[PDB]
Amino acid sequence: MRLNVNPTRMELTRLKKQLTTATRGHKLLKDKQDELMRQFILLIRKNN
Amino acid sequence: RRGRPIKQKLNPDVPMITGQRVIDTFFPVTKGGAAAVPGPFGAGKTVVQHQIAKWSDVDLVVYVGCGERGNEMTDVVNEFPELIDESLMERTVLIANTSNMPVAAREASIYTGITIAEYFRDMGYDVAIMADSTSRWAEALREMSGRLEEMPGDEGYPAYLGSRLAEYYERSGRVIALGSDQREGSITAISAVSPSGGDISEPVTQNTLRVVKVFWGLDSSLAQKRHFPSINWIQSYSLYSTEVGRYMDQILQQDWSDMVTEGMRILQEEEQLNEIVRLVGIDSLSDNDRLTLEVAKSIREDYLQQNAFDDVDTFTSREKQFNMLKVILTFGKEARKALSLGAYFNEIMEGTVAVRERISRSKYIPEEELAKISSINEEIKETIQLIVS
Amino acid sequence: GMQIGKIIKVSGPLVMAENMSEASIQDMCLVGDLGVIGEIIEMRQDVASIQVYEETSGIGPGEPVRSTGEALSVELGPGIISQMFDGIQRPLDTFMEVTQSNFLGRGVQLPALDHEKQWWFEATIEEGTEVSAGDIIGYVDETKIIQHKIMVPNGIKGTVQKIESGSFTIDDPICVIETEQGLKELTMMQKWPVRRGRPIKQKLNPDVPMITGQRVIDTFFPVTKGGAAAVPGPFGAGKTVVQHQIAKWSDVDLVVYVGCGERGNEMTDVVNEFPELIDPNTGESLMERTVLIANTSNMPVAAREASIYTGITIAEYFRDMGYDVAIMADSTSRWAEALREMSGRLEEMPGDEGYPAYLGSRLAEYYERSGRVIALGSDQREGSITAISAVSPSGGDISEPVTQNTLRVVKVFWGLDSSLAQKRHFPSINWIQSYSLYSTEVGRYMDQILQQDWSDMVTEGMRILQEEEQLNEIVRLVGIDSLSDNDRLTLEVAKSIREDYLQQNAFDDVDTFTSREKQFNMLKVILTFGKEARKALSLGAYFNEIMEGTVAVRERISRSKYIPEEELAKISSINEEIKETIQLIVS
Amino acid sequence: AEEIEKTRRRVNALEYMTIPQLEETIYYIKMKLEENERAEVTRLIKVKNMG
Amino acid sequence: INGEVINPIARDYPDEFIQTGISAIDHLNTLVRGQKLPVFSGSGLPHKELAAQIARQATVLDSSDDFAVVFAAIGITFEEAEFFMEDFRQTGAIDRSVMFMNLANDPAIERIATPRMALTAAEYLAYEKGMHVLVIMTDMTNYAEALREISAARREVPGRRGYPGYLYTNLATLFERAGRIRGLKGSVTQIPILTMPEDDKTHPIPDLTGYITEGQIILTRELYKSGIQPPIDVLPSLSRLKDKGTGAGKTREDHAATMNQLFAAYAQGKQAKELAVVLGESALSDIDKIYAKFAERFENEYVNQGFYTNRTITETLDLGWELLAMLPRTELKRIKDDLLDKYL
Amino acid sequence: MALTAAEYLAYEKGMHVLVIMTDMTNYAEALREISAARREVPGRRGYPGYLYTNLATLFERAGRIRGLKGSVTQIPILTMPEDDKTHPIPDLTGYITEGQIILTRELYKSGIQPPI
Amino acid sequence: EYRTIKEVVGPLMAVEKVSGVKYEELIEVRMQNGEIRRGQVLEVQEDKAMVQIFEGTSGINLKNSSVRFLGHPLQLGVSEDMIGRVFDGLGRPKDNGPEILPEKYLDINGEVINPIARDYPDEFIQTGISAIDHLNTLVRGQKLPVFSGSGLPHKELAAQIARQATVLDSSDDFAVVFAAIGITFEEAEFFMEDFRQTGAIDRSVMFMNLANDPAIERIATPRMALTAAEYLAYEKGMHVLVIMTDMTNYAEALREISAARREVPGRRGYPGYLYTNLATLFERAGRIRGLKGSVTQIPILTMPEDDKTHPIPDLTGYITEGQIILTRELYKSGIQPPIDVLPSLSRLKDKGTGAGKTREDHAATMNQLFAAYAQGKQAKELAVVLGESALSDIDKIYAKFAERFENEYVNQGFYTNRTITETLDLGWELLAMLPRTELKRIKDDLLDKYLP
Ligand SMILES: Nc1ncnc2c1ncn2[C@@H]1O[C@H](COP(=O)(O)OP(=O)(O)NP(=O)(O)O)[C@@H](O)[C@H]1O
Ligand SMILES: [Mg+2]
């Protein structure tokens, strides 16, 4: 489902920038998630 | 349709006072300069022009209502005699060709206005001309072109659209008028542009941006949250910015240029941050950056936001603008130095609630009481100096 | 022949002339007193609409329009080879000499070939011999490398009444033939329209791999003779080198190089640098078997659009001789830009992104004219055209129309990557993004010819490179020291394939070209190393120990590329070393 | 554990909502801008031929 | 004023380095005698100042031979044109220059004539007088605008995005009138300046210009609004002939290597900055924090030289090294150790 | 017809008049039909170049006159095509009238009445 | 014979002083060099005919060329002799065999079947592909497309159905008509080599149009094939399978012709009449009451940028009676054919299955395998997003079900023919993986007879 935006040349350029940002942010959020997870595993074993 | 001749065209180096904080600080127009306000409907183009007609330090104001609302014109004739700057109407000329009056008369009005403006320019006066809006003039040209069955340029407008606009603006400017006296006179052009759907790739806005030196781009999203004037601080610019900084430094005898650069630099960082933030931020942000967002928020709300209809906030003197901005940057500076000494964002914010209310309400302080603002600077330093210990 | 009309209207690029009834559609014409190039797009009664491709400034009504009598054509004959032309076959060298000027002066008309020159024509056919299109009646040793065979041109069927060896110009009668229309005289040259494909007996599957000697291409993304490859050329990815390597090292007889609509200074390089390239076999200049087409961006749009068509037609003429030809086009994106401009100038209905609706067809027309074929003639001789095109996508984005439409009709794609270039990896072919749809067929061919499982080795080396990209994800997250002993071996092999095999310095004396045989031995030592080393892991030996033990031999592997073609034995012996060393480390 | 869930939700909201919407809106606008360009040339050809 | 197409085999390869005095150009996007290197700007962006600076500072090194500067203004305001005229007079730059000053209220036909007048004059000085000529033209978007106006007058249907089909031929024709010719002493170097409408590099003007010219220097408002002067973004900027103008004998031996390194370290720095925002101060490696600080200093000290600061190539190179010195030797992977030991 | 009736009632018979016209989008569709049939030069979406002007000759017939006791208050209604406020009808209409009250499908589905 | 050409304007030619000229009439232009070019009348008014030339208009001199009006539209000379033969896009021999002696000439637009005379599609075609035959069954007279993409194996699948397809319990009254549209020489050779080597060509007619053949010829191609088909089916009483590829190429050529006339373009620049034009082809599929024989169609197309909303797949989906979808996900998995049964559907399937047709267990197994696979796939989707742990032991079973379904049922190889019996039986084996208690779409009577 597409967002409610007006099909202008500027809007296209905005969303394309917003998308390159989104992509990079997603990888970095995945990286953290994985780090916290292995740090979590060490501590959860201690807990257990 | 002839420009009245002159001895010499000069460089406009003196900033107009609009009294509108966002304009005078970040996107100033000088006397003899040309500015555009392109914006979608309801964004506040008309109200911006009323403010300049009311408060600017030109000698004379020619207001050309070109293809707009009848009521808007009756507002001016009725309200202006009741105002002062000596009545306001006594320095004012009004050409009115409303939206439902004849289309071709829209062109005629733009031309009769600038010509009347030039006439007073020759006398050695400073003249501000507001054209509101130049889109209707272009759209009148679009109507005739279509009726003549000419081959359109882009979006249906005649191909010479650009050249027409350039003739108009090139008529504005600071000059030596003809005669042995060699008088100086200025014409400052303030134009409204009304792009369909607020899209500024359109020809009238694009062609105007090529002949003006100031762009006050209004944002519908800022208008909806009632942030006025709804000028996009990221998108707008003034080519007179550097020269004006110099003039202001000299006058105020402070480093105004630097304050303004830091102001914009902070606003630009806010933008950078908000991009990344709107997808993950805040929770994970560094304290330095959290602070940055707060200084940007103070600028936006405490300085940028100004209401035309408030008795006090309708106008700000330079002495008052400088004092408000100093107080805002002093906060960011003093808070910045505290973070570097080991203090925490949360400590600083919780400890500065009262002082930050004062900064926020300084827009409301009367011109007679500027000490009540400049004294916030001492409270900032004491309050924060205290929190570190 | 030549047809004269009169200009009745001049409006920018558009000219209209009356009294043109002897003219035809698509005919080229010289416009005005001056004589700038134009093409007849439209005809109404006797009024022709003409697109003018040079400045019409200063042309007016009343001035002539001279019609060439034909559509865009090339002169094909002795004197073609080693010449540099523009898109409409204007001879750049001759321009300089006859003109004594540094400019392609407008209105200046010069024949593509030397019509004054003497050629020794060696007749090899006998009187009374029946002949049809394609039969070789003789030859001329045109250059130090190439022999120019003189073929009976299309449209002629008969018996050879008179023919003699001797010295003729390309305009002299060299043969007499008895046609159905009485006797006809042949000369050493023929004209062909650049837009009409040169006819053949039959078209064949291109199933023989062209040896470029570039290891990455021949092994992983092969092209066959008569095949086609697309190569995006971002800036800084050593595209020119790669093209030079294919230009000199591929087993083709002739190279046609086309520059479509290039940046002035960029085009200056090709013109200087191509002649500097040396034929490996004769050590003569590569230009001795090259025809070169050069258009800068400010040449006539006609010239820039016709460029590839002109080049492919010349490629066909030599193809028809039974040669293997290679056509190299840089850049087809620019050729496409000529089409986009022409579509605008013709007030057409646009296709995608401003290009014409016939862009895909225009492109299909080009590529379908390359390929392996049987040429006309009794001989039933084979010849081929292999097409290598650069694309210069506006964003390095592959998704745009030109590239997508090319990829519809060509089977090989070599992705040059500047990020690889930045890591110092040349050729900078991205081995994950690239592909060859000739891969299966080439491998079948290769298994036959080598009698080895070459296709199994390739699949395996590619599986390892693909495994590497997955392993690199883990190396990022958990660090390199958290991978299993098995995964760490895979990183090492892949690394070997990357540094020992894929990387090839063009400028080294031996590394510049690798034979098929050497390629096989080189790849085999690496996979063997991986294989024997995986065995040893299975037997409780540790990765680090295998590495520390195999220093000397892994070095021998890394020199493989430098081992002289003459002494292949020294690469093959490495296999025995790997096994001797590994088992020893297992102790 | 909570902060892991918090990150997961953001990753997921990006992977399964934000990135797709951006991607789909971008492709839509390209197409629309393209239709408009075609519409304009159609009207300009008709305009020209009123002559 | 139309000029002529140069026979390609008659062109000479650009040999000489040109010292614009702007580090962002001289080092990372080198301009070479006979190149066509445009500036891509936008409305409200200081290409005015940049153009004036380039025109004051442009020089060849160890040549005593002097640059003739041919300057064309196409449809620009009085205020912009007077700035250029006062600048040339003020600094004496006029003594080397020829100016063709077209204003926005001048006829469209004159506006189309301007670049051609100016290039004919340049080719005269270069190929008749033997001078080395630098041609600066602003604003090229104003010229395309006039082309549309005449195009409609003749009732011609627009090609892509509202512009004539033949725009490419028209722009190509102009820009290719630059370079060196074999057997002729002089040269023409072009720097066309254009504004990209709504900052759109996809726009036909910058897009078609980019195919014709040999690279482009790009100004951005992102940089401008943080006070970076000149606001040149190195990342999307490119010179296509830099190599021919750099290294031993022309600038210094360390030129290319440092350019490649600064380019990467700045890319890495900006990435590190992002990481800072998304994952927070703590997830940053100490090596990562340095790249962050590097990108900050690189924008603020290296790229931000000011519109009136003329840096020699040697100062630029030295400042780069100074900036690279923030990093560990272990990180400067794209420089031979040979050069690391010589320059720190 | 309706505004002539209203202006007559207000300024000639001294009443306070409320004018409700719906739906204005249909009005503009008719103008296009004629515009297209005349084969005039089209504007955006086939709408005529004079759409703004035509609309203003309706919407500016509202208000109050000095010394006359009546008034005309206009509440025009339109449906925005595709819910798109940038469409020429709502765009131009918005540039003429003295504000606008917007209803949204989101608020309506949430049970908010009126869904302004 | 008319020496009266008045205008040539790109593709279109104006001939004046004509009389008795009719719309859509076939023409011949005899050029000044003795070349012959065919063409069609687009517009006829007063004494003026607008024609379009197939091979284009380049090289034409108006003064010296002449036009002949043929008094009839474009036709094909049809014959039973066409079986085993290869033609180009205009029914001209390509295979160096004898000329055809025609029984008659038929207008290639064909005729519309009276909806009351139309017979609903009935009965089974065994493609020999399991995922088609069992879950998305092809019925005689149906139009069932394949939606593919670039680099997907639609040619392999096209070739497989062409050689494997048969009708059970009757021979030999089955033909295949193969149409290749705008494909490259190498694609065309693969098809032709395959038909020859497997012996398929003995029961087929081939109409081959290449990428570099003229555009008009390309849109002529499927019509030429459908005409030959109708002849074989209705006059000679055959069951005919018509496979056409690639229909995207067809559309582009239609779009090319449309733009050349500067017509008003539809969504994405395709003709406004794209829908109708495709319908004129696909509605030629069917059975007629009281006639033996049927025309069955499998159009194959590639979806641009993999997008099913594109006018080509979207309009084709609005005309046809189901669709078979090939996906990348499956292709990267080595599933041959990479058919994704979820987006896929045959609308008419029950008219071609059941006792007497396939087997009594058919519909019930289909509903069940489908449901299991959908539930299985949903479980995989869960494991990826949230990990193994989020799944019930039952989910895992279903997840394993989905995986065997993909790897063992759908993936059969492009050279393996599966009889409907072999397919159904294999369906039962994958069902055995699940608890009987789970098989809710199948009644006890079937479970008792078949459940292994
Ligand atoms: N500076 C301001 N202070 C307070 N209110 C404002 C300001 N600017 C705009 N507004 C509010 O917004 C309304 C619209 O402003 P207005 O200038 O009429 O918009 P506009 O852009 O001229 N619309 P149009 O004339 O249709 O293009 C005003 O009536 C105010 O209610
Ligand atoms: Mg207003």
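We're sticking with Swiss-Prot numbering for chain B, so the shown stretch reads 194-278, 283-586, in order.
The deposited model was determined using X-ray crystallography, 2.7 Å.
Note that Cβ sites are derived from N, Cα and C of the backbone, with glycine treated the same way.
Annotated features, as they stand in Swiss-Prot:
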- B:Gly232, B:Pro233, B:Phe234, B:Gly235, B:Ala236, B:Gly237, B:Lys238, B:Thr239: ATP binding site (BINDING)
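Comparing local CB density within 10 A for the binding-site residues B:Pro233, B:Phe234, B:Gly235, B:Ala236, B:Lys238, the maximum falls on B:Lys238. Report note: the ATP site is defined by B:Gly232, B:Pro233, B:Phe234, B:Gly235, B:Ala236, B:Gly237, B:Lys238, B:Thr239, and the residues of the same chain whose CB lies within 8 Å of the CB centroid of those residues, excluding them, are B:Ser391, B:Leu415, B:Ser417, B:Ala420, B:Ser427.
Neighbour counts were taken at the CB atom with a 10 A radius for the binding-site residues B:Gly232, B:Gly237; the maximum falls on B:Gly232. Among the binding-site residues B:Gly232, B:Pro233, B:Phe234, B:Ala236, B:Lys238, B:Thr239, the ones whose Cβ sits under 6 Å from an atom of ligand 2 are, in sequence order, B:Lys238, B:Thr239. In sequence order, B:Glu261, B:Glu265, B:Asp329, B:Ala389 constitute the residues six or more apart from B:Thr239 (ATP binding site) in its chain with CB-CB distances below 8 Å.
A Cβ distance below 6 Å to any atom of ligand 1 is met, among the binding-site residues B:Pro233, B:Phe234, B:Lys238, by B:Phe234, B:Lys238. Chain F comes within the C-beta cut-off of under 8 angstroms for the following of the binding-site residues B:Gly232, B:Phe234, B:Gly235, B:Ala236, B:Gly237: B:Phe234, B:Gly235. Reduced to three states, the DSSP call for B:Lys238 (ATP binding site) is helix. DSSP assigns B:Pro233 (ATP binding site) to coil in the three-state reduction, placing it in neither a helix nor a strand.
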